[PDB]
Amino acid sequence: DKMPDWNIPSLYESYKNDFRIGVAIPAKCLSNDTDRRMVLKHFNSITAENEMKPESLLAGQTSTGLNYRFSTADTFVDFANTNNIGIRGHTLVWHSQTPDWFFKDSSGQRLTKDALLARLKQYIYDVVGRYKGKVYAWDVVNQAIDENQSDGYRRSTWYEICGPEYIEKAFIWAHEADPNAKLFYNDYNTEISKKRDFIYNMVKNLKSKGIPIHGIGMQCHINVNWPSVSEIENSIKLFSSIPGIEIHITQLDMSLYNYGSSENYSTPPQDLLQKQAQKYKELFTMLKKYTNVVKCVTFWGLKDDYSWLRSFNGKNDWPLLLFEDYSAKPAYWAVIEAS
Ligand SMILES: OC[C@H]1O[C@@H](O[C@H]2[C@H](O)[C@@H](O)[C@H](O[C@H]3[C@H](O)[C@@H](O)[C@H](O[C@H]4[C@H](O)[C@@H](O)[C@H](O[C@H]5[C@H](O)[C@@H](O)[C@H](O[C@H]6[C@H](O)[C@@H](O)[C@H](O)O[C@@H]6CO)O[C@@H]5CO)O[C@@H]4CO)O[C@@H]3CO)O[C@@H]2CO)[C@H](O)[C@@H](O)[C@@H]1O
């Protein structure tokens, strides 16, 4: 019952003078003819949804270092490179998406700070080096900020063993391994004022002291009720006040539900689909005011039944621009209208 329309306006072409338009996809899309054609019609950047995370690239360890499994990730990078589109690297440092043995030695022992930092250098050199010149942007560090901590830092194993030095060292080493990649700090809920302030100061201070961070990634996992487009704009205004910092919108999607709500729909309510469309229109009208700093906007999924949100919350959701049958949503037409 698939109903892709090959003749409607290309998303990225509609925004060609504003910013790249990207999509996160899983590996299965690369072997599906309909998915591939839809990706290349509408998007000029991709992100591997899961297949370039540390848990996906790491195969294990021995007495002398790390062992990798790159076959699937190679297919993503080759797909982008041979089809003249960019691929954003998701992600070098991300505690929850890293296996627990990574933080212990081959004898099952928890690593000292110096041993873990040495392992981090090895990982970054190996992964960024393999793809040197082929990944235009890396999310180097993801989700290091926790606004309920007094100093703002998430108390992950990275922080507990290394303190905050792991953040700046990850950027230094990534920039050594591929000097031409744009390097991002990536996070979510950047519209919570206290978190925004922690991120702003962290990145400002890194940049001041010469750390090669080039951008902030705002995930923008949002919903039809929160945050307001004005709040997203306030984040863009503050982050873009840092000289030399660009912005990518890295994982945009818009749940039809409030977070923590027990609503559960079998079919998408039309009034929420209209609220979604109007908010996507407002969002993109706002983003077009900041094309000097916002260089890429990536949607976290090709179509609604591919959304991570369905498994994550255990219910149907319709957060993206295409329906399950590949057909355009009101949201799609709103994004085209905003262009
Ligand atoms: O991670 C495994 C799967 O990841 C998927 O993709 C990831 C991506 O790779 C990653 O980079 C990133 O990570 C997510 C985190 O791992 C996850 O824990 C986090 O949960 C968020 C949720 O996304 C977010 O929408 C939610 O927002 C709430 C907020 O918590 C709440 O405080 C706020 O409250 C406000 C009130 O609503 C308002 O009335 C009042 O005025 O102000 C309040 C604020 O003070 O409301 C918002 C929404 O209503 O918070 C939770 C955590 O608390 O989400 C991260 C990203 O959002 O993003 C992707 C998602 O995981 C992969 O695709 C998949 O394949 C992997 O298996």
# chains A, B, ... in the order shown; residues from 1 in each chain; ligands from 1
>>> closest_atom_pairs(of="chain A", to="ligand 1", cutoff="6 Å", atoms="only C-alpha atoms and all ligand atoms", output="Markdown table")
| residue | atom | partner | partner_atom_place_in_ligand_line | distance |
| --- | --- | --- | --- | --- |
| A:49 | CA | ligand 1 | 63 (O) | 5.4 |
| A:50 | CA | ligand 1 | 65 (O) | 5.5 |
| A:188 | CA | ligand 1 | 57 (O) | 4.9 |
| A:192 | CA | ligand 1 | 45 (O) | 5.5 |
| A:221 | CA | ligand 1 | 57 (O) | 4.7 |
| A:222 | CA | ligand 1 | 25 (O) | 5.6 |
| A:226 | CA | ligand 1 | 49 (O) | 5.5 |
| A:258 | CA | ligand 1 | 49 (O) | 5.2 |
| A:259 | CA | ligand 1 | 49 (O) | 4.1 |
| A:308 | CA | ligand 1 | 63 (O) | 4.8 |
>>> write_last_selection(atoms="N, CA and C atoms", output="compact mmCIF listing (two decimals), in the first residue's frame")
# COMPACT_ATOMS: atom_id res chain seq x y z
N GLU A 49 21.41 6.20 12.09
CA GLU A 49 20.59 6.33 13.29
C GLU A 49 21.25 5.67 14.49
N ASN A 50 21.86 4.50 14.29
CA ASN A 50 22.49 3.75 15.39
C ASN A 50 23.84 3.17 15.03
N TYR A 188 20.29 17.58 24.04
CA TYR A 188 18.84 17.72 23.95
C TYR A 188 18.35 18.62 25.08
N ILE A 192 15.70 24.31 27.94
CA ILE A 192 15.58 24.47 29.38
C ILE A 192 16.66 25.48 29.77
N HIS A 221 14.46 17.26 19.85
CA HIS A 221 13.39 16.28 20.09
C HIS A 221 12.30 17.04 20.84
N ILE A 222 11.27 17.48 20.12
CA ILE A 222 10.26 18.37 20.69
C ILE A 222 8.89 17.72 20.55
N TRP A 226 5.47 21.76 23.51
CA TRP A 226 6.65 22.30 24.18
C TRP A 226 7.90 21.89 23.40
N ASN A 258 2.29 15.04 24.82
CA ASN A 258 3.09 15.58 25.91
C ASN A 258 3.99 14.50 26.50
N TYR A 259 5.16 14.91 26.95
CA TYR A 259 6.09 13.97 27.56
C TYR A 259 5.51 13.52 28.90
N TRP A 308 12.01 6.33 16.24
CA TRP A 308 12.43 5.75 17.51
C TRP A 308 11.40 5.91 18.62
>>> residues_around(residues="range 327-338 of chain A", least_positions_apart="4", cutoff="12 Å", atoms="only C-alpha atoms", output="PyMOL selection string")
chain A and resi 1-16+18+21+38+42+224+253-256+268+270-289+297+299+302-304+318-323
>>> residues_around(residues="residue 193 in chain A", least_positions_apart="2", cutoff="10 Å", atoms="only C-alpha atoms", output="number ranges by chain")
A: 147, 189-191, 195-199, 231, 234-235
>>> closest_residue(among="A:24, A:44, A:127, A:240", to="residue 67 in chain A", atoms="only C-alpha atoms")
A:127
>>> select_by_dssp(residues="range 72-229 of chain A", states="helix (DSSP H, G or I)", output="VMD selection string")
chain A and resid 72 to 82 95 to 97 100 to 103 113 to 130 157 to 162 165 to 177 193 to 208 229
>>> select_by_dssp(residues="range 99-191 of chain A", states="strand (DSSP E or B)", output="ChimeraX atom specification")
/A:104,110,137-142,145,153,182-187
>>> closest_residue(among="A:29, A:264, A:219, A:187", to="residue 146 in chain A", atoms="only C-alpha atoms")
A:187
>>> closest_residue(among="A:97, A:75, A:56, A:83", to="residue 30 in chain A", atoms="only C-alpha atoms")
A:75
>>> residues_around(residues="range 168-174 of chain A", least_positions_apart="4", cutoff="12 Å", atoms="only C-alpha atoms", output="ChimeraX atom specification")
/A:89,91-94,116-132,135,137-142,144,158-159,162-164,178-185,202-215
